[PDB]
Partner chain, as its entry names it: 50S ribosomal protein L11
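Shown next as structure tokens: one chain only, the form solved without its partner chain.
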């Protein structure tokens, strides 16, 4: 069989799904920032995804075996079965159902930015923690991390990842509101999406001490202006922007 890989979620890709089935798709799986569509053979489709031959085997196992260490200096994200000879700070993460294996651009943007902005002793909020990777990273850098997620299903994944890495961040079900009793914070890192950053911008100011920093990603490049506006409106000072592929991270201070 063949896989046709599309960037996005099922929610975003909703209008074209019928066409994939019309083209002969027998299955679909939502993966980390991608949707995989499974066909007996390739067909010419207008949707600008990528065809990959995956057949004769277990597609999941082939994907799993092909995974390599993910560099995000000063870190390297490793599956439990990887080794790494470099001097990078290892973050051992099981590539599971929760977003945050280290293989997505946004996660990597967030990890690199954390290292540039975190001061040891800093109280850190990881909003939308998923696998726990950013909270784990924050602990490695000398931060005191709290990771929260609206999906309670990610929490035992995050706890298990923390244990594997010899760190003890706090993990809790909820959103920014559930975090607020534990703040204010020195540093907020939030790999979410543009519309949600914009909506939350006022509460972000709230969540941070004076001098605090907000590191926002999960932002598509053409949706960035939306975030720049909201953050400016809440009195944030822009610090730096970083990009990878179609994604950006926007760093702010107050």
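Shifts are known only where both forms have a C-alpha. Residue numbers count along the first chain shown, from 1. Just so we're on the same page, rigid core means the largest C-alpha set that superposes within 1.5 Å between forms.
Compared against other deposited entries of this protein, residue 99 counts as often unmodelled, lacking coordinates in at least a third of those that resolve the residues around it. Per the records, residue 222 is modelled in every other compared entry, just as the shown structure includes it, so no third of them leave it out.
Across the two stretches, 52-60 and 23-31, the PDB entry reports the greater mean Cα temperature factor for 52-60.
Higher mean CA B-factor, judged across 171-179 and 102-110 from the recorded values: 171-179. Of the candidates 70, 43, 216, 187, the PDB record gives 43 the highest C-alpha temperature factor. Taking the deposited Cα B-factors for 166, 96, 74, 128, the highest one is held by 96.
Not pictured, yet referred to below: the form deposited with its partner chain bound.
Though its partner chain is absent from this view, in the deposited complex it lies within 4.5 Å of a heavy atom of just one residue from 33, 27, 42, 202, which is 27.
Only one of 96, 184, 74, 174 comes within 4.5 Å of its partner chain in the deposited complex through a heavy atom, and that residue is 96. From the list 87-95, 111-119, 176-184, 139-147, the contact stretch for its partner chain in the deposited complex under a 4.5 Å heavy atom rule is 87-95. Residue contact check for residue 50: none of its heavy atoms lie within 4.5 Å of its partner chain in the deposited complex. In the deposited complex, its partner chain sits within 4.5 Å of a heavy atom belonging to residue 101.
Of the heavy atoms in residue 66, some are within 4.5 Å of its partner chain in the deposited complex. Taking the partner from the other structure, its partner chain in the deposited complex has no heavy atom within 4.5 Å of any heavy atom of residue 238.
Annotation for residue 6: C-alpha shift of 2 angstroms or more between this form and the one not shown, rigid core superposed. Core-superposed comparison between this form and the one not shown: the CA of residue 204 stays below a 2 Å shift.
Core-superposed comparison between this form and the one not shown: one run of at least three consecutive shared residues with Cα shifts of 2 Å or more is located, at 1-65.
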